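Chains as they are written, first to last, in the entry's author numbering: chain B, 2 to 7, 23 to 29, 36 to 220; chain C, 12 to 600; chain G, 4 to 908; chain I, 61 to 180.
Ideal Cβ positions, reconstructed from N, Cα and C, are used throughout, including at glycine.
Notes to accompany the following structure.
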Amino acid sequence: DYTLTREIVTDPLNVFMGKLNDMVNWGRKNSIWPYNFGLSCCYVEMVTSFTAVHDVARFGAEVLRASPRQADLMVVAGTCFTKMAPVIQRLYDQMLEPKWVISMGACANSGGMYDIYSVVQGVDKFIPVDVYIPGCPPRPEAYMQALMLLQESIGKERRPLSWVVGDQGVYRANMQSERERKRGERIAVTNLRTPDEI
Amino acid sequence: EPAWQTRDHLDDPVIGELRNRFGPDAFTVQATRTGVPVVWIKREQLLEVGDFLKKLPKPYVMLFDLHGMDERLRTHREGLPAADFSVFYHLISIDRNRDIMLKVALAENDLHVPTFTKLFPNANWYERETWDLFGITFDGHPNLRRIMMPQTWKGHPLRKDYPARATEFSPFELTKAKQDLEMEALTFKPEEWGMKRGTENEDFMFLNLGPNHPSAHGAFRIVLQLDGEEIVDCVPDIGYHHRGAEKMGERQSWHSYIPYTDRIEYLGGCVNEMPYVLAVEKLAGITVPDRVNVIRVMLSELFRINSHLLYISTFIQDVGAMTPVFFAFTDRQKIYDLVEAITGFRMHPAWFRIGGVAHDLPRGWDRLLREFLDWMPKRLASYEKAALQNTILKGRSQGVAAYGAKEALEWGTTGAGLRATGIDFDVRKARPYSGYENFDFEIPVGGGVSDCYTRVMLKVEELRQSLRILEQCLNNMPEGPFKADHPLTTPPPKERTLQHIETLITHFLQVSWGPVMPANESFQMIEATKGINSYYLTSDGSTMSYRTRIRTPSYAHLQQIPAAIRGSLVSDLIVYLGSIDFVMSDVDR
Amino acid sequence: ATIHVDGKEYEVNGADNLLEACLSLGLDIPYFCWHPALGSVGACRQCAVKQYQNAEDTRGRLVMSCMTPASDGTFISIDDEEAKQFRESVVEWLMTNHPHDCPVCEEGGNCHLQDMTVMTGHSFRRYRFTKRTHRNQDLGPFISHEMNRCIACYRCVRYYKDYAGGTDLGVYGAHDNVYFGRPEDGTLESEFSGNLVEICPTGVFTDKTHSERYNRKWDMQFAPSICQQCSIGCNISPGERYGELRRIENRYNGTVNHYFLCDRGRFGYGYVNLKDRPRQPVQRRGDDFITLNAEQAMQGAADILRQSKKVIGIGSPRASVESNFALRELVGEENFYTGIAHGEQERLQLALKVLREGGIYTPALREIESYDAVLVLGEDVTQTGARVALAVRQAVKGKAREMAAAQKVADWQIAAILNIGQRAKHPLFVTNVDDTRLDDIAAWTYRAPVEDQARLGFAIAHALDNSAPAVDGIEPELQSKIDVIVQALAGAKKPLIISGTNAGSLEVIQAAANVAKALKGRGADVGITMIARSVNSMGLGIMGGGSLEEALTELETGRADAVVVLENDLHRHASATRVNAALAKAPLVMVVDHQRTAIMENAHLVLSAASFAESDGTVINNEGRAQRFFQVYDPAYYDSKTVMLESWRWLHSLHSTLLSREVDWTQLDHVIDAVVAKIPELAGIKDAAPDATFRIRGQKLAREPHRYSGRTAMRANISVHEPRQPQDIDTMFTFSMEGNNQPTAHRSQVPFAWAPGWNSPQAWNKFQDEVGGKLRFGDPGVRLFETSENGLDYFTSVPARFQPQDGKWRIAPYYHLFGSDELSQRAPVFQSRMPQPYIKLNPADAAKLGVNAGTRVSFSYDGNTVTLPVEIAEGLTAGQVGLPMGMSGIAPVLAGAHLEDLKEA
Amino acid sequence: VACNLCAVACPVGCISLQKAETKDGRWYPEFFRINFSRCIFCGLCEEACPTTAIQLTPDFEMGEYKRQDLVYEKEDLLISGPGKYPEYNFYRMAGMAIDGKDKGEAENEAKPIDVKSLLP
Ligand SMILES: CCCCCCCCCCCCCCCCCC(=O)OC[C@H](COP(=O)(O)OCCN)OC(=O)CCCCCCCCCCCCCCCCC
Ligand SMILES: C/C=C(/C)[C@H](O)[C@H](C)/C=C(C)\C=C/C/C(C)=C\Cc1[nH]c(OC)c(OC)c(=O)c1C
Ligand code: SF4
Ligand code: SF4
Ligand code: SF4
Ligand code: SF4
Ligand code: SF4
Ligand code: SF4
Ligand code: FES
Ligand SMILES: [Ca+2]
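Structure representation (structure tokens):
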């Protein structure tokens with residue numbers, strides 16, 4: 002099952039064009055350039071993930087450009103304030119295709135604990151979001167897990183290869199949700215370690 | 012005599028001097044648990060009293076705080092003057108090691124106060140915040156505009172008749188504010204911001220630093236007026252990180268507001284939890300046992316080391332060296348391993364409680380603490396040798412944005428910025444709290460000039476002293492309860508909740524409705540990771556807070572920003588921003 | 004009197020006990036066994052304070068503040084160490100045998116024992132031994148029993164026996180095995196048994212209807228509403244959760260219904276939660292029933308109304324003043340008729356003429372408890388207006404209160420009052436066609452036909468004053484009974500005459516008015532009370548209008564092709580065949596209602612209205628007081644397809660689209676000003692409640708407590724995005740916790756009682772100026788009409804003696820608390836408490852036609868043969884047949900109407 | 061036991077449940093949903109649980125594609141075993157009678173004595 006934005025359609029993918043599309047998606051998922059955007063706590067956990075004790079560089083995502091033109095992925099790592107919501111919208115509009123959005127934290131997901139007059143309740147109110155991460159803050163390894171989720175989503179999509187030949191239509195993959203996928207093993211947990219130990 | 016008792020502070024000398032100068036009718040002394048003399052003062056004599064306090068033999072050189080309060084809903088105002096609004100001024104005299112509070116009462120219609128910016132230049136941002144959040148006008152203020160909310164914002168959020176939850180979202184307002192941002196960058200008018208000489212020299216170029224900021228401080232704006240590379244004048248634009256924490260303090264109970272206290276300064280964690288729970292313990296009349304004090308000191312010092320490591324690494328990265336941020340984040344991961352073992356979280360543990368801590372220390376925490384204390388000092392010396400002794404870093408940082416003790420005092424700068432001027436004023440030694448007397452540690456002080464380099468070295472010595480405190484805490488841990496025996500200890504101990512019915516009743520009414528604090532006023536001032544943090548709490552007798560005031564030092568530092576950087580370079584401004592140790596959650600909140 | 008508490012001087016009422024005096028000043032004293040409405044007994048020993056003899060003392064003495072008078076110059080201390088230690092020890096003693104049941108207990112968050120445990124500061128357990136346990140009884144469908152949680156405070160037995168007059172609940176057992184309940188299993192037969200869930204400070208008696216779909220008190224959304232089940236109008240707090248009505252709590256009103264409701268009002272609310280309700284405007288096309296939105300239905304109804312030639316209106320006493328007025332404005336005044344029968348309308352107008360022209364003051368519900376003699380004519384008060392019967396019980400106990408007060412015994416010493424007043428009581432004379440529930444305290448009961456009741460009333464009026472129309476043909480023993488009654492009423496200082504429209508005769512009300520006028524001519528302080536049938540019967544009577552029979556004739560002829568019917572099924576006031584014919588011949592039938600009725604299978608258009616849990620409005624009680632009820636929740640919050648609008652909003656928008664072709668959802672205050680300008684008699688509802696511009700220091704009034712939970716997850720099953728808060732443009736309340744519910748706010752409407760530290764229903768103490776008295780800053784509701792300066796004359800129309808004739812069985816109405824109100828019997832929980840519809844016959848008549856008990860006998864009314872089973876009634880008179888009004892197939896319009904074609908089936 | 065304490069101890073308000081009861085008398089949640097897009101993982105619900113039902117496992121991999129899929133219902137939260145607390149049972153402490161536990165069979169509870177018993 003696939004989603005069009007230019023709807024619900026089927027997989028359209036000839037075998038040579040599919041192979042080149044596979045290599046294009048492979049090169050796109052194996053090189054993701056996030057935008058250096060410092061909002062709040064979750065950005066500090068992102069730069070914790072970037073450092074040597076964690077080494078997100080192994081996935082080829084250590085670039086962290088300061089310009090929206092060079093960067094591909096927008097990580098909303100913090101609260102969407104009413105003053106910074108046009109700033110986030112302009113920074114998203116100043117990006118280039120392909121563009122992916124990862125919302126770090128309950129602030130970026132839904133507004134989090136701050137149901138307040140000066141906070142936008144989630145960045146998905148006005149920009150599309152590819153991957154959400156819960157946590158306040160999510161740990162750096164959760165950020166890497168969402169990075170592999172984004173890589174899996176990129177490796178299955180079918181973007182147009184060229185702007186002169188082909189269907190100019192964004193083909194995102196309706197992946198199986200992680201809750202239903204991991205319900206087979208999360209329920210089977212019986213005994214955990216007692217909290218008195220370390 | 013308990014340390015949480017409702018004292019009147021009529022034995023304070025300053026009350027005697029005020030009665031000798033202005034007579035014994037001109038003001039009313041209010042008995043509080045704040046630990047400071049609270050004096051309700053007539054509005055017409057406010058500037059006279061402020062100048063008199065500034066001209067004392069040991070004067071009140073520092074305006075610690077200045078904010079309003081909506082008293083229309085306050086049912087318990089026994090002894091208080093008849094007021095609809097009030098404005099309080101918290102003034103700290105370092106020489107006396109004391110502080111006073113002046114409260115000006117205001118009617119509902121005549122909401123104007125004489126300005127305080129003539130006596131104290133740091134009153135500007137506080138009065139702008141009071142006008143923005145409460146609608147209280149200050150006569151004689153130079154540029155009275157909103158500082159927390161945008162200029163096109165109807166109403167005043169901190170009033171009691173203003174809704175606290177989020178309103179309806181509209182993309183049309185988003186497009187309107189986008190248009191405002193787009194014509195602001197093209198049709199900028201340097202007149203409403205209080206700046207003069209709007210490129211009158213035909214070379215005063217205009218630059219915008221933010222609002223996007225690729226660093227851990229957060230999002231903020233500075234509009235720079237430049238002559239070549241010299242900064243003629245700059246107007247900071249803050250409010251891009253305002254979460255409305257005080258309005259949420261009016262909306263959460265005393266127990267459930269602790270996570271919101273965590274996110275005031277997200278590099279602080281338990282250091283941010285400490286003054287709030289101490290003030291609520293003052294309100295409840297709880298004296299915590301010794302083991303609680305040692306545990307809270309342990310976690311506060313650990314988070315202080317974490318914050319100082321992040322600050323030193325980010326300053327070094329702002330100078331230009333790259334490896335120390337990776338190494339210091341490895342050390343932060345060691346700290347996070349210990350904190351995860353203790354509480355169960357990394358950044359915002361939410362582990363302190365009213366009357367103690369959440370759980371007990373796990374079986375084997377001493378091994379992790381010993382591993383961390385063996386891991387740190389060699390790496391800290393390596394950081395000093397690799398980056399902090401480099402002469403390029405010294406050339407970038409020494410002598411940049413320097414100010415004396417007078418500029419630190421008149422702007423309310425506290426922490427390393429105050430101790431780099433030689434003023435030995437640490438809250439952990441001058442006004443001790445949470446069992447800090449039992450530990451032996453040094454307070455590093457500067458020569459008398461606040462460079463970026465001097466502040467960084469002071470934070471390094473504070474890191475070493477925090478390591479000393481952690482060593483003392485590891486070698487000496489009392490055996491006892493992790494929660495107090497008070498009935499208002501929220502929550503009660505868990506096993507008695509699970510097998511006793513009175514404890515179950517206390518737990519049931521404390522997690523659902525909240526603990527009922529008797530109507531009083533409390534105030535706790537602690538030394539945070541970036542200066543002086545304080546919570547001033549007003550309870551009306553309910554299970555929520557009638558007023559939550561959070562004084563944070565990065566507000567005063569960002570207000571001091573245009574005073575010290577005028578006449579310098581833009582790279583000097585970048586280094587100065589890297590050496591202030593501020594986060595925008597701590598500024599705006 | 005002057006008291007000094009903890010070195011602070013206070014001025015209190017000198018006749019109050021110390022506990023209520025200190026509670027009225029805002030001081031906190033823990034207490035269990037004391038209630039403002041029940042008195043003091045000194046059982047729980049919780050209210051201990053240290054009393055000093057004079058100004059300078061150090062020892063003091065621990066005294067019970069509920070048993071100590073608040074005399075002048077009384078020096079006491081609450082926060083002394085000995086007193087606090089004793090109160091904590093009493094709480095600890097109560098906590099030794101208490102079960103570990105708080106999470107699974109329905110009183111958690113509403114428990115008085117929890118608040119008193121926290122307030123005394125007791126949180127450490129040292130009792131290590133076993134705890135006693137008790138078996139739990141079955142008390143019926145409404146009350147759930149858990150004797151483990153009892154603290155033996157004797158509130159239940161005191162209320163249920165001394166106040167409620169019930170006989171099947173008592174205390175049994177011994178030293179620590181005290182058991183508070185029935186001697187066996189079964190339902191509590193008292194009509195005020197539902198107040199036990201608020202009288203009991205613990206989780207012993209719980210609302211089983213609430214306990215089925217249970218939520219906690221902080222999770223409730225409340226609104227201050229008026230009870231919609233009879234004409235007394237007891238203020239209630241409906242509280243909902245997840246879009247369904249959850250619990251009806253008692254809302255304090257110091258003028259009407261202070262601490263207690265009846266069982267019908269407390270438990271007759273399950274029709275709001277029914278699944279078969281109309282939730283959308285539905286239009287039938289042939290056999291299909293399509294659903295329109297608001298605007299589509301408004302345009303279609305406007306078009307079909309405009310193509311008609313003449314339109315008529317039919318209101319209801321179940322609707323508010325504003326809704327009936329909006330209907331009347333939609334159809335016109337000259338084409339407006341009520342939804343009640345001609346005889347019912349004539350009785351209602353006669354009762355209203357007595358009320359606002361007879362010149363004799365009609366007391367409020369609280370003021371009934373001060374009258375010194377009660378004469379009830381025809382009305383079965385316990386089954387229709389039960390709370391008035393409770394006030395009559397209090398007025399009967401007033402004689403024992405006066406006899407105790409003659410011996411300098413204080414009012415709160417209820418034990419001494421009951422000891423001195425053993426069996427002497429104020430005279431109560433009830434007249435009914437059978438045995439009334441008040442017969443246990445009644446000085447005399449008159450079992451006779453309704454004409455004989457009116458003859459008795461006119462005979463009493465003639466014995467009181469010579470100018471009254473005499474009654475000839477009175478038996479000498481009955482004449483001696485009139486001598487007894489007139490000797491009781493002449494010597495009474497405040498006589499009271501209660502009757503009602505449910506009696507079913509004009510002459511009973513006329514005789515009551517003649518007795519009242521004769522008492523007034525002697526200078527007595529006579530009060531008079533009329534009971535009406537439904538919630539807003541007085542509103543429909545005051546607005547006037549034609550009867551239902553004129554509307555039925557007008558529809559069955561065919562002059563109007565357009566009829567509007569509001570909040571009515573028409574079978575409670577007219578026959579089913581006539582209504583079916585009139586609504587099938589008419590080509591355009593509009594019906595605005597909130598309950599699935601029987602006439603919706605052949606109605607042209609039906610608009611899903613909003614009930615009192617979903618609508619605002621103003622209703623008039625039987626006394627004549629306009630009371631404004633508010634909306635509890637928005638049905639569109641949990642489901643956007645749900646178009647449930649206010650009825651006056653529906654009719655006003657339809658009239659606006661009829662004239663100007665524009666959809667207009669108006670505001671409530673505009674309708675209030677409309678009824679004030681148009682109707683000078685209904686001009687008194689302007690100040691019943693303040694408008695939507697009313698603010699307490701700038702903020703609205705909160706409908707839910709501050710700890711309202713699940714805000715970001717209660718609707719997350721449908722959509723993860725939170726919707727907009729429902730804006731309440733209609734009134735001064737907001738649909739959230741962003742509001743004010745302070746006990747010291749300058750307001751009269753209170754949604755719920757909550758003080759910090761007082762989570763129980765004892766939090767109502769903080770909302771009154773003095774506890775047990777009026778509400779602070781006044782009580783909501785205002786009197787529409789005052790006392791007239793002259794009165795009516797004596798009604799000469801004396802009825803003749805009843806004659807039992809063969810074939811014509813006169814029907815005696817047997818109303819019930821459970822099963823005589825429409826909306827109450829719609830509830831599914833009432834279906835178990837509702838008894839079987841049993842036709843009651845005399846032994847003589849049953850022997851005459853050949854009946855024994857329990858046999859199925861059929862009778863034909865209006866050509867409809869229905870079969871009911873026979874119970875033998877002794878107190879009924881021969882020539883009458885007792886029938887229960889409001890049952891399945893039986894209408895309340897059959898009261899006082901003869902019945903034909905009665906043989907055994 | 062669906063006692064609604066974790067929903068009200070939640071400062072975000074991201075817990076919604078509703079109490080239902082079996083025929084024996086035991087209390088269970090009819091449903092139990094936690095909006096994990098809103099939850100800040102503060103642990104106040106586990107601290108407020110008087111039965112130690114709700115717990116926080118050491119598991120961080122909860123990132124999702126759709127925000128609606130972060131609403132975990134009762135079947136997404138109920139695990140097979142006792143988790144971190146392996147032996148505590150609330151209904152052995154509670155005084156209410158359920159299936160397999162009559163009055164007086166709870167901990168530190170004596171057998172119920174009838175008022176009609178012959179002992180003084
Ligand atoms: C293909 C192979 C090529 C690979 C690269 C190999 C060569 C690398 C060359 C790098 C050159 C960097 C030059 C930096 C010059 C900086 C000059 C300067 O002004 O620095 C500022 C600092 C302080 O200036 P001052 O005015 O004294 O400050 C007082 C006000 N606070 O002033 C100072 O700190 C004074 C000292 C400045 C630096 C002196 C020279 C250092 C040269 C770099 C180290 C080379 C090490 C050997 C490399 C391998 C050789 C095989
Ligand atoms: C082949 C062509 C290319 C474009 C290559 O893909 C790579 C990306 C090129 C280079 C030159 C590699 C590394 C330099 C770099 C772009 C970032 C390092 C970094 N990393 C951080 O986090 C770990 C930071 O902390 C916030 C930083 O400040 C800095 C400066
Ligand atoms: S989700 Fe929590 S950690 Fe992340 S930005 Fe928000 S408050 Fe900070
Ligand atoms: S059952 Fe309730 S009202 Fe009756 S004595 Fe026990 S605690 Fe008091
Ligand atoms: S009656 Fe009160 S104390 Fe007893 S179990 Fe219920 S909530 Fe707890
Ligand atoms: S007496 Fe009437 S108004 Fe009062 S609660 Fe009962 S049914 Fe409702
Ligand atoms: S851990 Fe999450 S669900 Fe639990 S109380 Fe905290 S925010 Fe609420
Ligand atoms: S999870 Fe625990 S706190 Fe929440 S309702 Fe269930 S038993 Fe109560
Ligand atoms: S309230 Fe006085 S002893 Fe019970
Ligand atoms: Ca409404």
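Inset, instruction - Measuring alpha carbon to alpha carbon, tell me which of G/731, G/767, G/67 and G/528 ends up nearest residue 365 of chain G. - result: G/528
Legend entry - Reduced DSSP category for residue 797 of chain G - H, G, I as helix; E, B as strand; rest coil: For residue 797 of chain G, the three-state secondary structure derived from DSSP is coil.
Legend entry - Cβ shell of residue 572 of chain G (< 7 angstroms), same chain only, five flanking positions each side left out: 600, 601 and 602
Legend entry - For residue 229 of chain G, three-class secondary structure by DSSP: strand
Inset, instruction - May I ask you to report which of helix, strand or coil DSSP gives residue 757 of chain G? - result: coil
Inset, instruction - Say yes only if the C-beta of residue 54 of chain G is nearer than 8 angstroms to one or more non-hydrogen atoms of ligand 9, and no if none qualify. - result: no
Legend entry - heavy atom of ligand 2 below 8 angstroms from residue 333 of chain C C-beta: yes
Inset, instruction - Would you mind stating whether residue 102 of chain B and residue 145 of chain B have Cβ atoms separated by less than 9 angstroms? - result: yes
Inset, instruction - Would you mind sorting residue 468 of chain C into buried or exposed? The rule is 16 or more other CB atoms within 10 Å of its CB. - result: buried
Legend entry - Against chain I: residues of the stretch 486-507 of chain C by CB proximity under 8 angstroms: 502 and 505
Inset, instruction - Give the residues of chain C in contact with residue 107 of chain I, contact being defined as C-beta atoms less than 7 angstroms apart. - result: 369 and 502
Legend entry - Among G/427, G/750, G/657 and G/36, the one whose alpha carbon lies nearest that of residue 697 of chain G: G/750
Legend entry - Delimiting residues of the alpha helix (DSSP H) encompassing residue 417 of chain G: 417-423
Inset, instruction - List in chain order: all unbroken alpha helix (DSSP H) runs of 4+ residues lying wholly within the stretch 49-82 of chain B. - result: 63-71
Legend entry - Where the stretch 706-717 of chain G meets chain I: residues whose CB sits under 7 angstroms from a CB there: 710, 712, 713, 714, 715, 716 and 717
Legend entry - Beta-bridge pairing of residue 89 of chain I - partner residues as DSSP gives them: I/79
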